[PDB]
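Visitor: Questions regarding the structure given below will be posed in turn.
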Amino acid sequence: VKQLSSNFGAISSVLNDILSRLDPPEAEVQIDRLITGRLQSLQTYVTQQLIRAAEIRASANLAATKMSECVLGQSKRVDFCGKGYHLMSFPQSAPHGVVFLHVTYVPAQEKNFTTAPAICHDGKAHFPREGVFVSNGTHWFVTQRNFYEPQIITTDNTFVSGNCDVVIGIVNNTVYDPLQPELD
Amino acid sequence: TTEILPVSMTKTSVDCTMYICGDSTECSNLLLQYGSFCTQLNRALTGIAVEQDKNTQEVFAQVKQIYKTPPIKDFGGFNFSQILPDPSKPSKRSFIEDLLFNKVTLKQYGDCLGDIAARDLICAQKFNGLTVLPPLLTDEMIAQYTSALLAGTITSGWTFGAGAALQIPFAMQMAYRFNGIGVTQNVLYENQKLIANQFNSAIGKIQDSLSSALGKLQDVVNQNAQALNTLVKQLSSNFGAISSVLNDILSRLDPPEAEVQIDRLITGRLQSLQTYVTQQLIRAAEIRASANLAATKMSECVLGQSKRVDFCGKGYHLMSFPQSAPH
Amino acid sequence: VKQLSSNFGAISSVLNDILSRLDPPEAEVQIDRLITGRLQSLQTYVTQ
Amino acid sequence: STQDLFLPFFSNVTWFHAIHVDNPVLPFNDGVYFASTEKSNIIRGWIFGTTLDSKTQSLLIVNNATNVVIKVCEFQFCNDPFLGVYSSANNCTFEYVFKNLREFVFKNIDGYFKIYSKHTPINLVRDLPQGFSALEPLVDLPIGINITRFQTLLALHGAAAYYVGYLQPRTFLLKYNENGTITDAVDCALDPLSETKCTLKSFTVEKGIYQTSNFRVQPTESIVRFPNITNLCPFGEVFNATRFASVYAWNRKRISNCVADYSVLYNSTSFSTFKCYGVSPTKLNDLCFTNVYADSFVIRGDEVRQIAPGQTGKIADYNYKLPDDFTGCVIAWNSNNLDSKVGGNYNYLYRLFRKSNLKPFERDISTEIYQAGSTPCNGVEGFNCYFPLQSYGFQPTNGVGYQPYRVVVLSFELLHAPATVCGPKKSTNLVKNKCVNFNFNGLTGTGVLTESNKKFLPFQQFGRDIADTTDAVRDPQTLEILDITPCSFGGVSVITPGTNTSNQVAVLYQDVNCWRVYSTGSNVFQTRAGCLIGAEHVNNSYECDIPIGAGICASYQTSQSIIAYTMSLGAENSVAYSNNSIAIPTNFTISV
Ligand SMILES: *[C@@H]1O[C@H](CO)[C@@H](O[C@@H]2O[C@H](CO)[C@@H](O)[C@H](O)[C@H]2NC(C)=O)[C@H](O)[C@H]1NC(C)=O
Ligand SMILES: *[C@@H]1O[C@H](CO)[C@@H](O[C@@H]2O[C@H](CO)[C@@H](O)[C@H](O)[C@H]2NC(C)=O)[C@H](O)[C@H]1NC(C)=O
Ligand SMILES: *[C@@H]1O[C@H](CO)[C@@H](O[C@@H]2O[C@H](CO)[C@@H](O)[C@H](O)[C@H]2NC(C)=O)[C@H](O)[C@H]1NC(C)=O
Ligand SMILES: *[C@@H]1O[C@H](CO)[C@@H](O[C@@H]2O[C@H](CO)[C@@H](O)[C@H](O)[C@H]2NC(C)=O)[C@H](O)[C@H]1NC(C)=O
Ligand SMILES: *[C@@H]1O[C@H](CO)[C@@H](O[C@@H]2O[C@H](CO)[C@@H](O)[C@H](O)[C@H]2NC(C)=O)[C@H](O)[C@H]1NC(C)=O
Ligand SMILES: *[C@@H]1O[C@H](CO)[C@@H](O[C@@H]2O[C@H](CO)[C@@H](O)[C@H](O)[C@H]2NC(C)=O)[C@H](O)[C@H]1NC(C)=O
Ligand SMILES: *[C@@H]1O[C@H](CO)[C@@H](O[C@@H]2O[C@H](CO)[C@@H](O)[C@H](O)[C@H]2NC(C)=O)[C@H](O)[C@H]1NC(C)=O
Ligand SMILES: *[C@@H]1O[C@H](CO)[C@@H](O)[C@H](O)[C@H]1NC(C)=O
Ligand SMILES: *[C@@H]1O[C@H](CO)[C@@H](O)[C@H](O)[C@H]1NC(C)=O
Ligand SMILES: *[C@@H]1O[C@H](CO)[C@@H](O)[C@H](O)[C@H]1NC(C)=O
Ligand SMILES: *[C@@H]1O[C@H](CO)[C@@H](O)[C@H](O)[C@H]1NC(C)=O
Ligand SMILES: *[C@@H]1O[C@H](CO)[C@@H](O)[C@H](O)[C@H]1NC(C)=O
Ligand SMILES: *[C@@H]1O[C@H](CO)[C@@H](O)[C@H](O)[C@H]1NC(C)=O
Ligand SMILES: *[C@@H]1O[C@H](CO)[C@@H](O)[C@H](O)[C@H]1NC(C)=O
Ligand SMILES: *[C@@H]1O[C@H](CO)[C@@H](O)[C@H](O)[C@H]1NC(C)=O
């Protein structure tokens with residue numbers, strides 16, 4: 001709207017001022033200058049609208065992917081659905097857009113333990129099935145990686161592979177084997 | 001294996017009157033009728049310029065804890081000395097970053113006075129209103145960010161990307177990652193020396209292949225330079241006027257007859273500036289898509305272990321390490 | 001192809017019609033109008 | 001926004017008193033702002049003029065006890081005029097018959113003397129007051145004189161004080177309220193802050209960093225360098241020759257090494273036709289001319305319109321042809337007294353017949369019996385076999401169309417090669433290493449001149465770069481090569497905490513190593529982004545508030561001031577790594 005006051009090299013930017021005081025053959029050249037200038041303005045507007053629409057289109061594709069993978073499922077890709085281990089998401093509509101509420105899980109209070117890769121019982125090497133071996137200082141337990149829940153090392157809890165001569169930091173401890181008491 | 005990504009481009013600004021009129025007062029009085037267009041062009045350019053800093057922030061500044069690598073380098077036989085910062089060079093850059101920075105080749109008024117002008121291309125640009133603005137983060141700050149990311153990954157695995165960094169021995173982390181591709185831990189623990197030797201040899205191959213590659217990063221520099229030099233060359237067009245030189249027209253012609261020629265030149269030079277700004281916008285959109293991809297890779301390959309095929313290399317992904325490169 | 005019939009403020013859109021009936025000094029201004037218009041058309045095509 | 005002659009904001013005005021317990025003659029440069037603080041009607045009027053001594057014309061604007069009198073005459077003004085002015089007033093062309101702030105603005109443009117004014121109630125004792133009030137048009141007098149000086153007319157027996165300021169061409173941003181009155185303005189060239197206000201087209205600026213404009217230097221001197229020429233051009237054997245040539249065998253004469261001062265023809269020669277191609281007649285006095293030639297002939301009066309580019313007719317087809325691209329002038333005058341004889345003057349001739357049209361600047365003198373049809377002539381001249389040339393019968397009693405006219409065509413080149421004609425203009429000294437307006441052989445520009453190592457071949461005068469602008473020149477006096485450099489270079493930025501918060505700003509000069517600065521002040525600090533002026537540097541490291549660049553940021557802190565620092569990247573914490581040590585979380589957090 002503001003660019004309508006440009007002369008573009010004509011006597012005035014107002015058509016009615018040119019049409020009075022000038023006859024058609026001399027008014028035509030001035031009108032032609034104004035026409036060229038105003039077509040250029042419209043062209044610039046349309047080009048910048050196209051570039052902006054492309055950016056909004058990329059944003060909307062991202063929003064559709066988030067709706068599919070965070071709201072309609074649980075996502076394992078890191079930082080796609082918030083900070084932390086993603087639990088669930090809820091959408092809310094906003095004017096011209098969307099807001100996502102990401103509920104995630106955050107590990108809170110950490111404690112230090114000494115750890116070991118394997119346990120050497122009887123010339124055998126025992127490895128955790130799905131946990132880690134830790135020590136409170138005097139005793140040895142197996143736990144899960146993301147929450148502390150200590151447990152006694154049993155044979156239904158580890159698995160054997162090879163002897164104790166190859167693993168770098170193996171330690172000596174006993175494995176319960178929870179069948180011997182029952183057989184007796 | 002290595003993957004190269006562009007993240008940012010050169011920031012530019014234009015003095016519209018300096019380009020169109022030079023030091024001619026009459027041309028400036030004539031150009032006062034087109035001020036809205038120069039303001040509009042500069043708005044578009046400033047949008048591009050702030051977007052570049054936003055791109056760099058999104059790729060490199062994810063974590064705000066600047067971790068330090070431990071003095072004791074006991075990582076189970078893995079040797080990361082080639083990607084950790086050298087504490088003796090002025091720039092605290094790793095060996096590989098120093099090699100990479102030497103493979104891409106990127107001013108006072110008294111410095112170029114007389115002959116030096118119009119010979120040196122930068123001064124020819126600067127005498128016509130075309131300036132290049134410096135980025136917000138220096139190379140040293142980006143190197144600091146990358147070293148923090150590296151120290152986090154090799155001392156705490158993937159825990160520092162979800163909260164506080166929890167330390168774990170490096171071999172036990174490697175065993176965890178073997179669990180994540182479907183291989184039991186004992187394979188790693190039994191074959192640990194072989195695995196460490198293979199990793200060290202592969203890093204050596206990367207190093208020896210770089211000192212001998214970065215076309216994706218050189219073409220961005222070349223494109224920006226070529227556009228600015230094309231703008232400088234387009235000042236010799238008549239656009240249907242008697243000459244392309246304002247001073248030649250202003251002598252030999254009186255104001256009423258000089259105005260029509262000056263008007264032709266003004267229209268032509270505004271069109272040139274407009275074309276430059278449009279192509280800069282399209283290029284900035286492409287660089288923005290590339291930087292979004294780089295941020296996603298940093299999140300999913302460096303701060304975690306990815307199970308999507310071919311996103312983080314060829315084969316079953318184990319881990320990734322970032323290095324900064326110019327742009 | 002269709003945009004070749006625009007005058008762009010010239011007497012005609014056909015070069016051969018202008019070149020007959022007009023001498024070089026007066027034909028130059030009309031030809032200049034046509035040249036500016038057709039360069040603008042090519043530019044718009046390349047941008048889109 | 002409007003560009004016009006205004007009084008700049010915060011200027012330095014002169015102050016004059018009439019205190020018992022001043023009416024000097026002042027300059028009138030480009031228009032005057034006149035303010036008057038009164039309570040007793042002491043200031044009564046003005047006189048405007050050049051010499052004010054009856055040799056020239058002067059303007060009197062006086063308020064006598066009863067009337068307002070405006071006169072334009074030749075006055076013998078008194079040395080000390082007052083009320084309780086002049087002696088003579090001979091040739092008059094135009095005639096017409098502290099509690100107060102009487103503001104006037106006086107302008108003199110294109111023969112019109114323009115007056116704006118406004119009156120305001122005040123209550124003060126001294127010093128011109130604060131505030132804003134726009135003056136309205138009062139009168140526009142068609143006097144048509146050359147005002148250069150002026151003098152105030154006071155009255156005698158009282159307390160009065162008057163202030164004088166001078167107008168300059170400026171761009172202002174004026175504000176109109178909903179009633180149509182100007183209530184505020186911004187001077188767009190006072191400050192960089194004002195420049196960002198002008199660009200954003202608002203009176204309010206938000207916090208940030210803005211690019212303003214490249215650093216500009218205005219020229220101090222003007223220089224002219226023309227060759228050493230002493231002789232005057234031969235206007236007397238070109239325009240005052242006793243015999244002219246016939247149009248078919250037209251004459252061409254070389255002209256060189258002479259000053260082209262044509263004002264000597266003002267009394268000499270009245271021209272019915274004088275038209276110039278490729279140059280404006282008002283620039284002839286400031287130019288130097290290359291390859292000058294003069295063509296002379298005599299034609300009939302009706303045929304003069306044919307001596308022009310792109311013409312038809314027998315003169316323009318068989319006798320004399322001009323190029324389509326012609327630079328030069330055509331001059332024609334009636335010569336009935338010289339070239340008409342009572343019996344009939346048959347000395348002058350033309351070509352009536354030619355197989356084909358002539359090329360530009362081609363002469364044909366061939367007298368070959370023209371064959372009209374078939375049946376060759378064998379040069380015998382009969383039916384369809386005509387003598388090619390024909391003669392003009394010039395008699396004193398011809399109609400104006402049939403009378404003789406003398407025609408001179410001047411052909412030359414401009415601003416490309418060394419020249420030797422060079423119209424009347426006095427040369428100055430050559431000054432170097434300063435931005436100066438310059439004129440070299442008619443080519444005008446602005447810039448800084450330096451000694452050059454370039455060696456020109458003898459046939460060249462100017463040197464041009466890739467953008468086609470002239471960057472080297474041979475001096476026409478000392479024959480030494482000089483380089484030309486622009487004097488506007490370097491980027492500028494302004495840092496503001498917001499106009500709402502403060503008016504204090506900082507300025508960054510991107511191409512200065514700390515002087516091409518607007519003001520030095522204090523707190524000059526050097527960064528890789530440039531020289532920063534107006535900010536205090538601290539040794540802390542905060543988060544980035546306003547980005548300056550190259551790692552440097554700025555803020556407005558606590559007394560309040562702008563501080564510049566190096567941005568911090570975050571907290572530093574080292575991980576407690578060992579080869580047999582793990583850390584397990586014991587509780588969790590649920591975060592949205
Ligand atoms: C490590 O854990 C062991 C096993 O729980 C702890 O030993 C127990 O201590 C409690 C408290 O005195 C006794 O009631 C249990 O009977 C003990 N169990 C066994 C098997 O001895 C031990 O105190 C912990 N060590 C440290 C340093 O905290
Ligand atoms: C774990 O137990 C094994 C055997 O049960 C220990 O290996 C023996 O250690 C003794 C004393 O250190 C040596 O004299 C033997 O030669 C070792 N090998 C055998 C008996 O085959 C091993 O040292 C223990 N690890 C410890 C205590 O950290
Ligand atoms: C880790 O790798 C570095 C570099 O590959 C090793 O340092 C090199 O060691 C050799 C001797 O084997 C020297 O000749 C080189 O000059 C060393 N280069 C540098 C840059 O120091 C290093 O020995 C490897 N192992 C450890 C434990 O650091
Ligand atoms: C102020 O000036 C005016 C005009 O110069 C004077 O009016 C003229 O006075 C003379 C003398 O009586 C008359 O002959 C003219 O006809 C008057 N012109 C008019 C009225 O237009 C006036 O007298 C002056 N006032 C004083 C106080 O001197
Ligand atoms: C300017 O005033 C002078 C002086 O009166 C005028 O010159 C005289 O005018 C009278 C009036 O006709 C003549 O009789 C004299 O011969 C003139 N010359 C002299 C020397 O007295 C002159 O005409 C006035 N100019 C204008 C433009 O009005
Ligand atoms: C210049 O001279 C040439 C040769 O005399 C002219 O060309 C000839 O023109 C005649 C007709 O006028 C033809 O019959 C010949 O065949 C032409 N010969 C050649 C070699 O072109 C030419 O017309 C002359 N140009 C002018 C402007 O007079
Ligand atoms: C685990 O964390 C929660 C909070 O995140 C603890 O619950 C808080 O306990 C304190 C006192 O122990 C109360 O004052 C708060 O009101 C509790 N908050 C809530 C939301 O109930 C909980 O005690 C922690 N558990 C352990 C074992 O540390
Ligand atoms: C774990 O041990 C390290 C070693 O000193 C210590 O710095 C750190 O604070 C400990 N962590 C906890 C949670 O106690
Ligand atoms: C851990 O380091 C100690 C020396 O500090 C070493 O004796 C021990 O064998 C190492 N353990 C492993 C598993 O490498
Ligand atoms: C505008 O005009 C109205 C009506 O006369 C008046 O009340 C008001 O004070 C004027 N000024 C402004 C700033 O509105
Ligand atoms: C102008 O020319 C006329 C006629 O020759 C002569 O009388 C007059 O004095 C000249 N004027 C001057 C002084 O140039
Ligand atoms: C032209 O020459 C005649 C010849 O005597 C002379 O009378 C006349 O004044 C001259 N005109 C000039 C030189 O302008
Ligand atoms: C012109 O004048 C200058 C200074 O007066 C002198 O040095 C020079 O020799 C003269 N001649 C030429 C041809 O420049
Ligand atoms: C400014 O010049 C000084 C003195 O030569 C130099 O040490 C410094 O490198 C320059 N500053 C910058 C930012 O280059
Ligand atoms: C900042 O540090 C430098 C060097 O460490 C010192 O010279 C300067 O005085 C310090 N500035 C302040 C304000 O303490």
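Here's how to read the names in the structure tokens: chain A, B, ... by the order shown, residue numbers from 1 in each chain, ligand numbers from 1 in the order shown.
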Please report as a VMD selection string which residues of chain A come no farther than 10 Å from chain D, using only C-alpha atoms.

Guide: chain A and resid 82 to 89 100 to 117 132 to 135 143 to 149 169

Visitor: For chain A, list the residues within 10 Å of chain C, counting only C-alpha atoms, and write the list as a ChimeraX atom specification.

Guide: /A:28-29,31-33,35-36,40,43,47,50

Visitor: Please save N, CA, C and O atoms of the selected residues as a PDB file, in the first residue's frame.

Guide:
ATOM      1  N   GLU A  28       0.451   9.077 -22.123  1.00  0.00           N
ATOM      2  CA  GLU A  28       0.733   7.655 -22.264  1.00  0.00           C
ATOM      3  C   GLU A  28       2.119   7.287 -21.758  1.00  0.00           C
ATOM      4  O   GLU A  28       2.293   6.236 -21.137  1.00  0.00           O
ATOM      5  N   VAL A  29       3.120   8.130 -21.999  1.00  0.00           N
ATOM      6  CA  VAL A  29       4.475   7.773 -21.593  1.00  0.00           C
ATOM      7  C   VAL A  29       4.608   7.786 -20.068  1.00  0.00           C
ATOM      8  O   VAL A  29       5.227   6.890 -19.470  1.00  0.00           O
ATOM      9  N   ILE A  31       2.050   7.325 -17.921  1.00  0.00           N
ATOM     10  CA  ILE A  31       1.261   6.203 -17.427  1.00  0.00           C
ATOM     11  C   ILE A  31       2.029   4.905 -17.589  1.00  0.00           C
ATOM     12  O   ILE A  31       1.966   4.020 -16.734  1.00  0.00           O
ATOM     13  N   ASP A  32       2.778   4.784 -18.682  1.00  0.00           N
ATOM     14  CA  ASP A  32       3.575   3.597 -18.951  1.00  0.00           C
ATOM     15  C   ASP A  32       4.663   3.409 -17.898  1.00  0.00           C
ATOM     16  O   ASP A  32       4.905   2.285 -17.441  1.00  0.00           O
ATOM     17  N   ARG A  33       5.323   4.498 -17.499  1.00  0.00           N
ATOM     18  CA  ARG A  33       6.293   4.408 -16.407  1.00  0.00           C
ATOM     19  C   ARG A  33       5.646   3.896 -15.123  1.00  0.00           C
ATOM     20  O   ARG A  33       6.186   3.011 -14.440  1.00  0.00           O
ATOM     21  N   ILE A  35       2.920   2.122 -14.784  1.00  0.00           N
ATOM     22  CA  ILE A  35       2.476   0.740 -14.944  1.00  0.00           C
ATOM     23  C   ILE A  35       3.641  -0.222 -14.748  1.00  0.00           C
ATOM     24  O   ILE A  35       3.524  -1.227 -14.034  1.00  0.00           O
ATOM     25  N   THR A  36       4.785   0.077 -15.366  1.00  0.00           N
ATOM     26  CA  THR A  36       5.959  -0.770 -15.197  1.00  0.00           C
ATOM     27  C   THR A  36       6.389  -0.853 -13.733  1.00  0.00           C
ATOM     28  O   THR A  36       6.687  -1.945 -13.223  1.00  0.00           O
ATOM     29  N   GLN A  40       6.214  -4.282 -11.268  1.00  0.00           N
ATOM     30  CA  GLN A  40       7.396  -4.766 -10.566  1.00  0.00           C
ATOM     31  C   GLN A  40       7.136  -4.951  -9.066  1.00  0.00           C
ATOM     32  O   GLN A  40       7.624  -5.914  -8.460  1.00  0.00           O
ATOM     33  N   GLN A  43       5.156  -8.152  -8.528  1.00  0.00           N
ATOM     34  CA  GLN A  43       6.042  -9.287  -8.762  1.00  0.00           C
ATOM     35  C   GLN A  43       6.942  -9.571  -7.563  1.00  0.00           C
ATOM     36  O   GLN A  43       7.133 -10.731  -7.173  1.00  0.00           O
ATOM     37  N   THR A  47       6.978 -13.115  -5.303  1.00  0.00           N
ATOM     38  CA  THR A  47       8.185 -13.919  -5.122  1.00  0.00           C
ATOM     39  C   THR A  47       8.490 -14.165  -3.643  1.00  0.00           C
ATOM     40  O   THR A  47       8.794 -15.299  -3.230  1.00  0.00           O
ATOM     41  N   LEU A  50       6.201 -16.688  -2.177  1.00  0.00           N
ATOM     42  CA  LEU A  50       6.568 -18.063  -2.523  1.00  0.00           C
ATOM     43  C   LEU A  50       7.663 -18.612  -1.610  1.00  0.00           C
ATOM     44  O   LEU A  50       7.591 -19.756  -1.142  1.00  0.00           O
TER      45      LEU A  50
END

Visitor: Taking only C-alpha atoms into account, what are the residues of chain B at most 10 Å from chain C, put as an mmCIF file with C-alpha atoms, in the first residue's frame?

Guide:
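As a result, out_18.cif now contains:
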data_model
loop_
_atom_site.group_PDB
_atom_site.id
_atom_site.type_symbol
_atom_site.label_atom_id
_atom_site.label_comp_id
_atom_site.auth_asym_id
_atom_site.auth_seq_id
_atom_site.Cartn_x
_atom_site.Cartn_y
_atom_site.Cartn_z
ATOM 1 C CA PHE B 239 20.701 -0.062 -19.686
ATOM 2 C CA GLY B 240 19.880 1.950 -22.798
ATOM 3 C CA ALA B 241 21.540 5.203 -21.691
ATOM 4 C CA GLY B 268 18.810 -0.933 -13.994
ATOM 5 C CA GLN B 271 16.948 -4.435 -10.671
ATOM 6 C CA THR B 275 18.116 -10.138 -8.335
ATOM 7 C CA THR B 278 16.294 -13.023 -4.358
ATOM 8 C CA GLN B 279 19.041 -15.540 -5.114
ATOM 9 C CA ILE B 282 16.843 -19.170 -2.152
#

Visitor: Within 6 Å of ligand 4, counting only C-alpha atoms and all ligand atoms: which residues, as a list in words?

Guide: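 I would give the residues around ligand 4 as residues 64, 65, 66, 67 and 97 of chain D.
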
Visitor: Give me a file of those residues, with C-alpha atoms, as a short mmCIF file (atom, residue, chain, number, x, y, z; two decimals), in the first residue's frame.

Guide:
data_model
loop_
_atom_site.label_atom_id
_atom_site.label_comp_id
_atom_site.auth_asym_id
_atom_site.auth_seq_id
_atom_site.Cartn_x
_atom_site.Cartn_y
_atom_site.Cartn_z
CA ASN D 64 6.30 52.38 10.71
CA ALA D 65 3.83 53.39 13.41
CA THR D 66 0.91 53.23 10.94
CA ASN D 67 1.62 50.96 7.93
CA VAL D 97 1.58 49.59 1.54
#

Visitor: Give me, as a short mmCIF file (atom, residue, chain, number, x, y, z; two decimals) with C-alpha atoms, in the first residue's frame, the set of residues whose atoms come within 10 Å of any atom of ligand 5, counting only C-alpha atoms and all ligand atoms.

Guide:
data_model
loop_
_atom_site.label_atom_id
_atom_site.label_comp_id
_atom_site.auth_asym_id
_atom_site.auth_seq_id
_atom_site.Cartn_x
_atom_site.Cartn_y
_atom_site.Cartn_z
CA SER D 54 22.08 52.91 -4.82
CA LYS D 55 24.24 51.24 -7.47
CA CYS D 73 14.24 50.39 -5.22
CA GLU D 74 17.78 51.77 -5.58
CA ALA D 89 14.93 55.49 -3.58
CA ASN D 90 15.12 56.28 -7.30
CA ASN D 91 13.97 53.44 -9.61
CA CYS D 92 11.17 51.53 -7.90
CA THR D 93 9.89 48.30 -9.45
#

Visitor: Please return, as a ChimeraX atom specification, all residues of chain B lying within 7 Å of chain A when only C-alpha atoms are considered.

Guide: /B:33-34,162-163,172,189-190,263,299-300,304

Visitor: Pick out the chain C residues within 8 Å of chain D. Count only C-alpha atoms. Give them as number ranges by chain.

Guide: C: 23-25

Visitor: Please find the residues contacting ligand 1 at a distance of at most 10 Å between atoms, with only C-alpha atoms and all ligand atoms counted, and report them as a short mmCIF file (atom, residue, chain, number, x, y, z; two decimals) with N, CA, C and O atoms, in the first residue's frame.

Guide:
data_model
loop_
_atom_site.label_atom_id
_atom_site.label_comp_id
_atom_site.auth_asym_id
_atom_site.auth_seq_id
_atom_site.Cartn_x
_atom_site.Cartn_y
_atom_site.Cartn_z
N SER A 135 29.07 -52.89 43.15
CA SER A 135 29.47 -53.18 44.52
C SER A 135 29.22 -51.98 45.41
O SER A 135 29.56 -50.86 45.05
N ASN A 136 28.65 -52.23 46.59
CA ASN A 136 28.47 -51.16 47.57
C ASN A 136 29.73 -50.94 48.39
O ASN A 136 29.71 -50.13 49.32
N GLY A 137 30.81 -51.62 48.06
CA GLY A 137 32.04 -51.60 48.81
C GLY A 137 32.45 -52.98 49.29
O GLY A 137 33.59 -53.38 49.10
N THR A 138 31.53 -53.71 49.91
CA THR A 138 31.86 -55.02 50.44
C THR A 138 31.19 -56.17 49.70
O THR A 138 31.76 -57.26 49.64
N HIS A 139 30.02 -55.94 49.11
CA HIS A 139 29.21 -56.98 48.51
C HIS A 139 28.91 -56.66 47.05
O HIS A 139 28.98 -55.51 46.63
N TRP A 140 28.59 -57.70 46.29
CA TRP A 140 28.40 -57.62 44.85
C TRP A 140 26.97 -57.96 44.48
O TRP A 140 26.46 -59.01 44.87
N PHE A 141 26.34 -57.09 43.68
CA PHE A 141 24.97 -57.27 43.21
C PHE A 141 24.91 -57.02 41.71
O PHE A 141 25.86 -56.53 41.10
N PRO A 150 19.09 -53.31 43.62
CA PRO A 150 20.09 -54.37 43.74
C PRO A 150 19.51 -55.75 43.98
O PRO A 150 18.49 -55.92 44.65
N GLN A 151 20.19 -56.76 43.44
CA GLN A 151 19.75 -58.14 43.53
C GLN A 151 20.94 -59.08 43.63
O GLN A 151 22.05 -58.76 43.23
N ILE A 152 20.67 -60.26 44.16
CA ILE A 152 21.70 -61.28 44.35
C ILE A 152 21.99 -61.96 43.01
O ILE A 152 21.09 -62.27 42.23
#
